[PDB]
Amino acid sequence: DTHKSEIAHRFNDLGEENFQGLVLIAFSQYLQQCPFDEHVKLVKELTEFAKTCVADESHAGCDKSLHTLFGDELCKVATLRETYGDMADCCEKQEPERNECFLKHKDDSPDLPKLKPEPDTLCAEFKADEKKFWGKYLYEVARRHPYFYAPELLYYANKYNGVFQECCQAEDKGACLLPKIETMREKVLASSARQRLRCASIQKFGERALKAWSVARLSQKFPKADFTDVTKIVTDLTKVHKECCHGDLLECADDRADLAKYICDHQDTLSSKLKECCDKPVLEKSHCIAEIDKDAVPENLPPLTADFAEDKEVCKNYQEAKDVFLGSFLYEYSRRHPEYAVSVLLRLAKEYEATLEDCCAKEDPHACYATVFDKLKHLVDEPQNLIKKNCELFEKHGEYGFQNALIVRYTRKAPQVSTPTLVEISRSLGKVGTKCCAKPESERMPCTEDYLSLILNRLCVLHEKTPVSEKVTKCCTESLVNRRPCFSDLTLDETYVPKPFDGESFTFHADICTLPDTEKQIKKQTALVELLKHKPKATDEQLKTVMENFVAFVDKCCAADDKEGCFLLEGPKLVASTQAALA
């Protein structure tokens, strides 16, 4: 829904508080390096102009696009050419391409401090100015995660203030805040990863890909809903996601608020779980609906074969209404199977598609696809088998050893990838074992597939920035729903030529001794990646042996009276024993 004067329309619809937040988020994601108070000045300016348009729409500029108003306001700043050399040229053009320049200049790995929460500090800041405190959270998160879902960011910022309203009056503040903050952080990072993937899917694969994921996903949430209604909500949600992924943040939030009201209006025909969401204020209500659990499979549904294998008009429908037919298949399969990962359901519908494209060209099509459902079942078996093998490994070795196995796997599959990225990604992938291996059957397939999709998407995002591996290129571009199976099926990349051991290639030193154990591990895991890059054909055993000798070497030297001496002296011995082990 567009008005002639969009600034007024969205300020009217959103209220000042949320309008300002979204403006601040917008400024923070387009210009991730600029100071807080710079953006804050621009937000206040925009709010005033918003007000004048609400009072009088005929007044000059009020009919401007929001892109125009936002971008002009960003291009107030005199020199940030120094900060954005590649993007200082953005202010040199206009809509719609000035916006597209901003968009392409978002940094997925900004050079920004992992900020340590400091309780006394943050509590003081809360007291001085809690509005500034809320805004600061928006700016710090939005600048680090420039595709963060803007209306959920407001939700999290209200929750963050909530933690401080509670905790900063307690006798012990650290003990109060900290566990709430680490808990919230994990949810925030999860949200950031989900939205990064939604935007990546829109960007690389078209909104149709997101549309498909959401038909499957919503059919599991709202299985008693009819297909008309699931389609109407997916259309609306897809528009919201596309808005937020394109920086149309005020539209994004206004449209998500309307959808929330639509869903709560129809709660009786969607899910009984919505009762818990539907009396909440707007951001909370949207959050709660977005997080809703899967509903019970409705009773007495027909066999799938009726509409998709028996009916004489199968090939007719595929032909004359392809996307509605395949959407229908996704809804009907999804509503019958909440224990299916959404990615598995999308793979079933892809193979069903391929089966008709093949069969509907035959003299007797039904003879050809009669058994399609019988055949689909391997798409369920394959992941269940992979889950069972990998949780066994996790169970026998724990998270660290599991991350080590994964480092070994991914360095073999993509040895061209930067050592920090192989380590970051491998570590992330290993956490699926803690997250998911102890879940029951109802939930273990969705937990693993969802979580692995998020992490492989991070890899794809990093790989797109500087392409190095032909195989990773393949798995990241071939097909979104086959991404995970693609990465799982990559083998050791023999195209890669190791660069030899020069002698003393990677050297541990005394500064390692004083690091927190997490950091010590990462140093060892980096050592491991580097070993594999020199000896890309090393066996599992040889890698186990060298890693044990690494662990022994650091433990021993960090215990020495003279630590650096130990390193310098015992270094060569380790090099020699290693060389003789890798022969």
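Numbering starts at 1 and follows the sequence shown.
Chemist: Looking at the entry, does 99-107 or 468-476 show the higher mean C-alpha B-factor?
Modeler: On average, C-alpha B-factors are higher across 99-107.
Chemist: Look up the CA B-factors in the entry and say which stretch, 382-390 or 308-316, has the higher mean.
Modeler: 308-316 has the higher mean C-alpha B-factor.
Chemist: Per the entry, which of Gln165, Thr421, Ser453, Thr411 tops the list for Cα B factor?
Modeler: Within the set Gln165, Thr421, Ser453, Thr411, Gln165 shows the top C-alpha B-factor.
Chemist: Of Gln403, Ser334, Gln195, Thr121, which one's C-alpha B factor is largest in the deposited record?
Modeler: By C-alpha B-factor in the record, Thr121 ranks first.
Chemist: Based on the entry's values, in what third of the chain does the Cα temperature factor of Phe148 lie: lowest, middle or highest?
Modeler: Lowest third - that is where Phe148 ends up once the chain's C-alpha B-factors are sorted.
Chemist: Quick check on the deposited entry: does the C-alpha B-factor of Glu449 sit in the lowest, middle or highest third of its chain?
Modeler: CA B-factor rank for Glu449: lowest third.
Chemist: Grab the CA temperature factor for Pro113 from the record and place it in the lowest, middle or highest third of its chain.
Modeler: Highest third - that is where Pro113 ends up once the chain's C-alpha B-factors are sorted.
Chemist: Please place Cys288 in the lowest, middle or highest third of its chain by C-alpha B factor as given in the entry.
Modeler: Its C-alpha B-factor, which the entry lists for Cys288, ranks in the lowest third among residues of this chain.
Chemist: What third of the chain, by the recorded C-alpha B-factor, contains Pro415?
Modeler: Lowest third - that is where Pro415 ends up once the chain's C-alpha B-factors are sorted.
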